[PDB]
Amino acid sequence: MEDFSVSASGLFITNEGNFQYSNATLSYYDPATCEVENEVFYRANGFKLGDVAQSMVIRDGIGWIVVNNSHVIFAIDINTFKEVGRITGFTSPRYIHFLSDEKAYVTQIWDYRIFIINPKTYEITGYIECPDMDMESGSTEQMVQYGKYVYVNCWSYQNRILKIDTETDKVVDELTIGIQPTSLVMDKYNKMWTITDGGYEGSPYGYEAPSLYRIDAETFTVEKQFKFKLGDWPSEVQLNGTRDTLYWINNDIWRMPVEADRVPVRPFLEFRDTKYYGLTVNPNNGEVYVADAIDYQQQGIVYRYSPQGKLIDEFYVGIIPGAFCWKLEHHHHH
């Protein structure tokens, strides 16, 4: 076991590792020193994260790491990386969304329910049943808040956004769109963005040209749709800190102002026959980080770009780096 006491400002990278090989890891990058630290959860705690580290949220000095195929969320000190607690019993957890210190939602694959937890006591307290959904093909994924409502995309073998009333913990509406919306963000106009992966060739569920959608939160209606090419396998809508510039992965890294009527001809970062897989925008300074899985086998590489697309830095992370979590001392945005 190793003692860490890292920067007040930094960047976590979760590494999924290889599904069913239990080689998921956590990386910590200091943008001021341009130094990366790899395998920091193992190094700090003396045991493995597990299988498919999916996502991470930082709240009140604690990092909540979702380990999808280990049925657990780890709570860590964001400075020492030491575990302060864990929640077990998740079917196959995906994303955590906090409503309070005592209430959060945890989405699942292979379950038709969203888990309700108490992060304070580290307990599962209840379940939200998704309509028209079973265990065999169930999927809830990313979440955004809109007043008293949480919106959630249904990804694997699903084609819906659900609306949850957080005051009753019930799904109160749904919207059917293209198959397998991957990810969900809310822009500063309270308009949601989601991008579909289009399924895959030979899928028992579907295989189609994928789309990027803008969905008004108030009317819960599609306002814009940008359809791509059959065989495209897009992912990971991401916003800048002012929530007026959208990024996503579709071979290339794409950038579009949220009020645009057309996807720009030119991508932010050109495809280079690798596997762009993870994406984030520094919420304070607009710097763009691209996690490249390369070939899903070797150590991944993160590329750090200026908001104008000029390379700043590049560093190795773990295998299949999938997600980022910002550790910021101050947020410039409200």
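When you see a residue number, it is the position in the sequence shown, counting from 1.
Colleague: Do the C-alpha atoms of 82-90 or of 225-233 have the higher average B factor in the entry?
Modeller: Averaged over C-alpha atoms, the B-factors run higher in 82-90.
Colleague: Between 235-243 and 162-170, name whichever shows the higher mean Cα B factor according to the PDB entry.
Modeller: Comparing 235-243 with 162-170, the higher mean C-alpha B-factor belongs to 162-170.
Colleague: When the CA B-factors of 195, 99, 258, 106 are compared as recorded in the entry, which is the largest?
Modeller: Spelled out: the listed residue with the top C-alpha B-factor is 99.
Colleague: Could you tell me which one of 157, 220, 248, 74 shows the highest CA temperature factor in the PDB record?
Modeller: Among 157, 220, 248, 74, the highest C-alpha B-factor in the entry belongs to 74.
Colleague: Would you check the entry's CA temperature factor for residue 19 and let me know if it's in the chain's lowest, middle or highest third?
Modeller: Its C-alpha B-factor belongs to the middle third of this chain's values.
Colleague: Could you say whether, by C-alpha temperature factor, residue 148 belongs to the lowest, middle or highest third of its chain?
Modeller: Highest third of the chain for residue 148's C-alpha B-factor.
Colleague: Comparing against every modelled residue in the chain, figure out the third that the C-alpha B-factor of residue 29 lands in (lowest, middle or highest).
Modeller: As the PDB entry reports it, the C-alpha B-factor of residue 29 lands in the lowest third of its chain.
Colleague: So where's residue 252 on the chain's Cα temperature factor ranking, which third?
Modeller: It belongs to the lowest third of the chain when residues are ordered by C-alpha B-factor.
Colleague: Name the third of the chain's ranked CA B-factors that contains residue 276, choosing lowest, middle or highest.
Modeller: It falls in the bottom third of the chain.
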